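One structure below.
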Amino acid sequence: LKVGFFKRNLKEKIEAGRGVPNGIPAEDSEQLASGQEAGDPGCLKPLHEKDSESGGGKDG
């Protein structure tokens, strides 16, 4: 099964790098995304990574 949890690693760097867009209001979105990533299952990994790419605003 593949949902996109693989992005967890691809974005794992963003959380410490500088995101992709870096320079958007995504920071306000990551606020809730970060807490939603708590998803015990991996199905949440693909949902958190998406917000991780934009999290660049808060990461940077």
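The way I read the labels, and the way they are meant: chains A, B, ... in the order of the structure tokens, residue 1 as the first residue of every chain, and ligand 1 as the first ligand shown, with later ones counted on from there.
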Would you mind listing what lies within 12 Å of residue 26 of chain A as a PDB file with C-alpha atoms, in the first residue's frame, with only C-alpha atoms counted and same-chain residues fewer than 6 positions away left out?
ATOM      1  CA  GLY A  19      10.993  24.352   3.080  1.00  0.00           C
ATOM      2  CA  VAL A  20      10.138  24.591  -0.611  1.00  0.00           C
ATOM      3  CA  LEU A  32      -2.276  22.747  13.120  1.00  0.00           C
ATOM      4  CA  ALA A  33      -0.545  20.359  10.719  1.00  0.00           C
ATOM      5  CA  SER A  34       2.278  19.737  13.191  1.00  0.00           C
ATOM      6  CA  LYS A  50       2.343  18.029   2.589  1.00  0.00           C
ATOM      7  CA  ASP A  51       2.225  20.762   5.232  1.00  0.00           C
ATOM      8  CA  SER A  52       5.919  20.207   5.950  1.00  0.00           C
ATOM      9  CA  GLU A  53       6.962  21.417   2.499  1.00  0.00           C
ATOM     10  CA  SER A  54       5.182  24.722   3.121  1.00  0.00           C
ATOM     11  CA  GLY A  55       6.296  24.807   6.744  1.00  0.00           C
ATOM     12  CA  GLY A  56       9.467  26.357   5.381  1.00  0.00           C
ATOM     13  CA  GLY A  57       8.112  29.672   6.607  1.00  0.00           C
ATOM     14  CA  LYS A  58       8.226  28.530  10.226  1.00  0.00           C
ATOM     15  CA  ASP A  59      11.312  26.361   9.735  1.00  0.00           C
ATOM     16  CA  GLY A  60      13.337  29.181   8.209  1.00  0.00           C
TER      17      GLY A  60
END
### Task
Report the residues of chain A whose backbone DSSP state falls under alpha helix (DSSP H), written as a PyMOL selection string.
chain A and resi 7-12+26-36+45-54+56-59
### Task
Give me, please, the distance in Å between atom CA of residue 41 of chain A and atom CA of residue 24 of chain A, quoted to one decimal.
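Atom CA of residue 41 of chain A sits 28.8 Å away from atom CA of residue 24 of chain A.
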Determine, using only C-alpha atoms, which residues of segment 17-48 of chain A have any atom at most 10 Å from an atom of segment 2-8 of chain A, and tabulate each with its shortest atom pair and distance in Å to one decimal place, rows ordered by chain and then rising number, as a Markdown table.
| residue | atom | partner | partner_atom | distance |
| --- | --- | --- | --- | --- |
| A:42 | CA | A:5 | CA | 6.3 |
| A:43 | CA | A:3 | CA | 6.7 |
| A:44 | CA | A:5 | CA | 7.4 |
| A:45 | CA | A:5 | CA | 4.6 |
| A:46 | CA | A:5 | CA | 4.2 |
| A:47 | CA | A:5 | CA | 7.9 |
| A:48 | CA | A:8 | CA | 7.8 |
### Query
Please, what distance in Å, to one decimal, runs between atom CA of residue 40 of chain A and atom CA of residue 28 of chain A?
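It comes out at 22.9 Å.
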